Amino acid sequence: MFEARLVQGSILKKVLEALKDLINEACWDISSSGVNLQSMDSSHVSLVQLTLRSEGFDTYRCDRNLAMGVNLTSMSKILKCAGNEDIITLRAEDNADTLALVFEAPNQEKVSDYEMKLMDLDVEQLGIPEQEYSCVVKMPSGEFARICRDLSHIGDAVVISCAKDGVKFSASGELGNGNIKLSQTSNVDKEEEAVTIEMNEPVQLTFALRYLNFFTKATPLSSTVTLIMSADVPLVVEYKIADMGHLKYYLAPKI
């Protein structure tokens, strides 16, 4: 039996809005530790891994390790029927063919109960090694979304170059080219408004702006985004879900 209760229901709402367009189907792995999801998109160029720790839920219970095959389009439909201040509880039986999502309003006068069919999946799951990377930039999530959105109008691919001082994004298309250059914030007040760069080696990498713009749908989960780069290997885009976990997006590079 699995039972998890979340007073900040909007969190799960955001999570599925962050996922549903990139991935149609995913496996949800339930344990005593919490919820983990990992999935490649249909083209296999990108990868998502979600982690929600059991200490983040108001109450959490897991008897058996559980693997639920879920249509993400469907889970999103269900969660769009929740208000942002609903208390959301997830629940499954030991032999559950469905997952139960129960939404509670703050007046005890409205309660919604939804029941989702699970599905058989034949997934392709990956081994994600812990490396250390040559470059880590941390910046406003909103700034990053803006950049990816704007430059996508210029050309298909963005070139990201890390230096000690700051970071540069560049794209090219039929019309010409653009360079957006962010320096390290020199006078630092608030964490999330700042641009901070920590680097061992200069990185220069090329990515598809198409995919990044899926990623930036996660922007409402956090004020900040962290970008992790190493030469010729997938980029990692990380959003912290505060004091509960994270969504990490990986992106296969162009050469």
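Position 1 is the first residue in the sequence shown; the rest follow in order.
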Worksheet item: Which is higher on average in the deposited entry, the C-alpha temperature factors of 102 to 110 or of 175 to 183?
Response: 102 to 110
Item to complete: Please work out which of 184 to 192 and 223 to 231 has the higher mean CA B-factor as recorded in the PDB entry.
Response: 184 to 192
Response to the item:
Max C-alpha B-factor within the set 204, 49, 46, 216 falls on 204
Response to the item:
In this crystal structure's PDB entry, the residue among 92, 157, 147, 75 with the greatest CA B factor is 92
Practice prompt. Please place residue 15 in the lowest, middle or highest third of its chain by C-alpha B factor as given in the entry.
Written response: lowest
Discussion item. Splitting the chain's C-alpha B-factors into thirds, which one does residue 37 fall into?
Written reply: lowest
Worksheet item: In terms of the chain's CA B-factor thirds, is residue 244 lowest, middle or highest?
Response: highest
Worksheet, complete the sentence: Of the three thirds of Cα B-factor ranks in this chain, residue 168 occupies the lowest
Item to complete: Classify residue 68 as lowest, middle or highest third according to the C-alpha B-factor given in the PDB entry, relative to its own chain.
Response: middle
